[PDB]
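> Residue numbers (the working numbering): 1252 to 1696.
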Ligand SMILES: OC[C@H]1O[C@@H](S[C@H]2[C@H](O)[C@@H](O)[C@H](O)O[C@@H]2CO)[C@H](O)[C@@H](O)[C@@H]1O
Ligand SMILES: [Cs+]
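1) Are the beta-carbon atoms belonging to residue 1474 and residue 1550 less than 8 Å from one another?
2) Determine the direct distance from the alpha carbon of residue 1607 to that of residue 1621, and round the result to whole angstroms.
3) So, helix, strand or coil for residue 1674, using DSSP?
4) Bridge partners of residue 1658, per DSSP?
5) DSSP on residue 1590, reduced to helix/strand/coil?
6) Which residue wins for smallest C-alpha separation from residue 1370, given the options 1455, 1339, 1468?
7) Quick check: the Cα distance between residue 1260 and residue 1521, rounded to an integer number of angstroms?
8) Does the separation of the CB atoms of residue 1654 and residue 1666 fall below 8 Å?
9) Taking 8 Å as the cut-off, decide whether the C-beta atoms of residue 1687 and residue 1319 are in contact.
10) To the nearest angstrom, how far is the alpha carbon of residue 1598 from that of residue 1268?
11) Cβ of residue 1381 within 8 Å of Cβ of residue 1335?
12) Per DSSP, what are the beta-bridge partners of residue 1547 in this structure?
13) Please give the ranges of any beta strand (DSSP E) in the segment 1389–1454, keeping only runs that are unbroken, at least 3 residues long and fully inside the region.
14) Cβ-heavy atom distance between residue 1658 and ligand 1 below 7 Å?
15) Note down the Cα distance separating residue 1224 from residue 1535, rounded to an integer number of angstroms.
16) Given this structure, state the Cα-to-Cα distance separating residue 1487 from residue 1515, to the nearest angstrom.
17) Looking at the secondary structure, which residues open and close the alpha helix (DSSP H) in which residue 1280 lies?
18) Could you spell out where the beta strand (DSSP E) holding residue 1686 opens and where it closes?
19) Assuming residue 1529 and residue 1501 form a contact by the criterion Cβ under 8 Å, report the distance between their Cβ atoms to the nearest whole angstrom.
20) Looking at the structure shown, is residue 1484 part of a helix, part of a strand, or coil, going by DSSP?
21) Taking the beta strand (DSSP E) that residue 1516 belongs to, which residues open and close that run?
22) With distances taken Cα to Cα, identify the nearest neighbour of residue 1480 among 1424, 1333, 1341, 1552.
23) Using a Cβ-Cβ cutoff of less than 7 Å, which residues in the same chain neighbour residue 1559 once the five nearest sequence positions on both sides are dropped?
24) What are the start and end residues of the beta strand (DSSP E) that includes residue 1646?
25) Note down, in chain order, each residue of its chain lying with its Cβ closer than 6 Å to the Cβ of residue 1424, except the 5 sequence neighbours on either side.
26) Going by DSSP, what residue range makes up the alpha helix (DSSP H) through residue 1495?
27) Can you list, in chain order, the residues of its chain with a C-beta nearer than 6 Å to that of residue 1691? Leave out the 5 residues immediately preceding and following it.
28) Using the DSSP secondary-structure output, state which residues sit across from residue 1603 in a beta bridge.
29) For residue 1363, which beta-bridge partners are listed by DSSP?
30) Could you give the first and the last residue of the continuous alpha helix (DSSP H) run that contains residue 1559?
31) What is the DSSP secondary structure of residue 1335, counted as helix, strand or coil?
32) For the alpha helix (DSSP H) containing residue 1627, name the first residue and the last one.
33) Kindly list the residues whose CB is nearer than 8 Å to the CB of residue 1333, restricted to its own chain and excluding five residues on each side of it in sequence; keep chain order.
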């Protein structure tokens, strides 16, 4: 179990989850500022107002990155911190923060990967319809161009979008995430525009002629039927397409998955598209980022979804604090499936990790054995994928540090680093952090 010498071992975060400084130095309001300040939306009424205060503490966080020995740091940039209204004026202090951050990363020999959109849409753009407005895709493209030009020669790994499935469906169908809408047709229109905006950014990446590589990051959850019933098998297949193929087929094949597209259209009516959209959505990219956490086991059951599909709770199997099944085999399955059915391009696991009930000792120790076991077990499946020909180039752990976990607030801890919010926001390396350092150095698990 030795990994390639040049394998990119990293850790990942996102802007709203760690930065804080929510209305400081010219920053505009995001849909997540608004959502978290709306009653009943976040566990315990938590907000990302301060979070980990990374906006002020970034220099200390980079020292901690150095202690862990990560080769690359994946982070997202806040669109409303840079263009407060989404379009219009640039906020120079906002841009300046990311410039300092990138400079500091490069001086520590840490390779930056930027995610352009990790869910924090400017509220001014939401007031004009947000992702159901085709113009939002244009403004995203303009924001991308601004960042490409600013970091030309400085950042060589770029991700347009993080988890467009979640943005579309949790944000607009089920209303669990900002902006809180609950309309399945809206979600489908939003998915289309996220994909369009991705392709528009790729076109701009090519034109600007930056050194480096661009991709998109998709959450992928492989589905398994509960039993050999073909109704079970069909239901699993449909749920699987609903999360996975719905984004993988347009990016790589230039079409929505046919059976699912037909079912949506017949029952809901068509969402609005223009001729040529699929050509834009399917522009050639340099890599695919995969975010993996768990699988779903699926059976056929009466439900208020078009699939009559139920996700089965696997009560008999180890799970995390999220209640998610621990199923490392799924990581192998999904990497192999992508490489066979969709693309021969390089792959990166841009997220994988776990929440456990972390206990900070009086001396600042966190003995997170369960996270070490979780990470090592998934590392081994990644190795197995490499052994079998999958061009896996790197692996970023979610997350570098504990943070604002959206609707769960601070109650869920995914970090390699413990953040003691109550006591000056001090950081403590968990045992998994020093265990990870050993993995990176030896290239072995
Ligand atoms: O979306 C499901 C569930 O995910 C967890 S973890 C989450 C990270 O917070 C997000 O930044 C990353 O890109 O994706 C993973 C999976 O979506 C999140 O804490 C929780 O609120 C959310 O409901
Ligand atoms: Cs049909």
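The beta carbon of each residue, even a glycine, is placed where N, CA and C say it ideally should be.
Looking at the atomic coordinates:
1) The sequence position of residue 1474 within the chain shown is 223, counting from 1. The sequence position of residue 1550 within the chain shown is 299, counting from 1. Between residue 1474 and residue 1550, the CB-CB gap reaches or exceeds 8 Å.
2) Looking up residue 1621 in the chain shown gives position 370. Looking up residue 1607 in the chain shown gives position 356. So the alpha carbons of these two residues sit roughly 7 Å apart.
3) Within the chain shown, residue 1674 is the residue found at index 423, counting from 1. Reduced to three states, the DSSP call for residue 1674 is coil.
4) To locate residue 1658, count along the chain shown from 1; it is residue 407. Answer is none; residue 1658 lacks a bridge partner.
5) Position 339 of the chain shown, counted from the start, is the residue given in the question as residue 1590. For residue 1590, the secondary structure class from DSSP, reduced to helix, strand or coil, is helix.
6) Looking up residue 1370 in the chain shown gives position 119. Nearest of 1455, 1339, 1468 to residue 1370, Cα basis: 1468.
7) The residue you call residue 1260 lines up with position 9 of the chain shown. The residue you call residue 1521 lines up with position 270 of the chain shown. Note on geometry: alpha-carbon atoms of residue 1260 and residue 1521 lie some 42 Å from one another.
8) Within the chain shown, residue 1654 is the residue found at index 403, counting from 1. Within the chain shown, residue 1666 is the residue found at index 415, counting from 1. The Cβ-Cβ distance between residue 1654 and residue 1666 falls below 8 Å.
9) Position 436 of the chain shown, counting from 1, holds the residue named residue 1687. Position 68 of the chain shown, counting from 1, holds the residue named residue 1319. Contact flag set, yes.
10) Position 347 of the chain shown, counted from the start, is the residue given in the question as residue 1598. Position 17 of the chain shown, counted from the start, is the residue given in the question as residue 1268. Inter-residue distance for residue 1598 and residue 1268 is about 25 Å (C-alpha atoms, whole angstroms).
11) For the purposes of this step, residue 1381 is taken as the residue at position 130 of the chain shown. For the purposes of this step, residue 1335 is taken as the residue at position 84 of the chain shown. At least 8 Å separates the beta-carbon of residue 1381 from that of residue 1335.
12) In the chain shown, counting from the first residue as 1, residue 1547 sits at position 296. Per DSSP, 1474.
13) Segments of the beta strand (DSSP E) lying fully in the segment 1389–1454: 1408–1413.
14) Reading the chain shown from its first residue, position 407 is the one you call residue 1658. Inclusion of residue 1658 in the 7 Å shell around ligand 1 follows from its C-beta lying nearer than that to a non-hydrogen atom of the ligand.
15) In the structure displayed, the chain extends from 1252 to 1696; residue 1224 sits before or after that span and is not available.
16) Counting from 1 along the chain shown, the entry for residue 1487 is found at position 236. Counting from 1 along the chain shown, the entry for residue 1515 is found at position 264. Separation of residue 1487 and residue 1515 (C-alpha to C-alpha, rounded to the nearest whole angstrom) is 17 Å.
17) For the purposes of this step, residue 1280 is taken as residue 29 along the chain shown, with counting starting at 1. No alpha helix (DSSP H) contains residue 1280, which DSSP labels as neither H nor E.
18) As a first step, residue 1686 is located in the chain shown; it is residue number 435 there, counting from the start. It is not in any beta strand (DSSP E) - residue 1686 instead sits in the alpha helix (DSSP H) that spans 1682–1693.
19) In the chain shown, the residue the question calls residue 1529 occupies position 278. In the chain shown, the residue the question calls residue 1501 occupies position 250. Contact between residue 1529 and residue 1501 holds: their C-beta atoms lie close to 7 Å from each other, under 8 Å.
20) In the chain shown, the residue the question calls residue 1484 occupies position 233. Residue 1484 falls in the helix class under three-state DSSP.
21) The residue given as residue 1516 occupies position 265 in the chain shown. Not the beta strand (DSSP E): residue 1516 falls in the alpha helix (DSSP H), residues 1509–1519.
22) Reading the chain shown from its first residue, position 229 is the one you call residue 1480. Checked all of 1424, 1333, 1341, 1552; the closest Cα to residue 1480 is 1552.
23) Along the chain shown, one-based indexing puts residue 1559 at 308. Excluding residues within five positions, the ones whose Cβ falls inside 7 Å are 1486, 1551, 1552, 1553.
24) To locate residue 1646, count along the chain shown from 1; it is residue 395. In the DSSP assignment, residue 1646 falls within the unbroken beta strand (DSSP E) covering 1643–1649.
25) Within the chain shown, numbered from 1, the residue matching residue 1424 stands at position 173. Here the set comprises 1435, 1438.
26) Working through the chain shown from its first residue, we reach residue 1495 at position 244. For residue 1495, there is no enclosing alpha helix (DSSP H), as DSSP marks it with neither H nor E.
27) As a working note, residue 1691 is residue 440 in the chain shown. The residues are 1260, 1320.
28) Within the chain shown, the letter at position 352 stands for residue 1603. In the DSSP output, where bridge partners are listed per residue, residue 1603 has 1648.
29) The residue labelled residue 1363 in the question sits at position 112 within the chain shown. Per the DSSP secondary-structure output, residue 1363 pairs in a beta bridge with 1324.
30) Counted from its first residue, the chain shown places residue 1559 at position 308. From DSSP, residue 1559 is part of no alpha helix (DSSP H); its letter is neither H nor E.
31) The residue you call residue 1335 lines up with position 84 of the chain shown. The answer is coil: DSSP assigns residue 1335 none of H, G, I, E or B.
32) To locate residue 1627, count along the chain shown from 1; it is residue 376. Membership of residue 1627 in the alpha helix (DSSP H) is indicated by the continuous run 1620–1638.
33) Position 82 of the chain shown, counted from the start, is the residue given in the question as residue 1333. Within the same chain, residue 1333 has close Cβ partners 1341, 1342, 1345, 1346, 1349, 1394, 1397, 1398.
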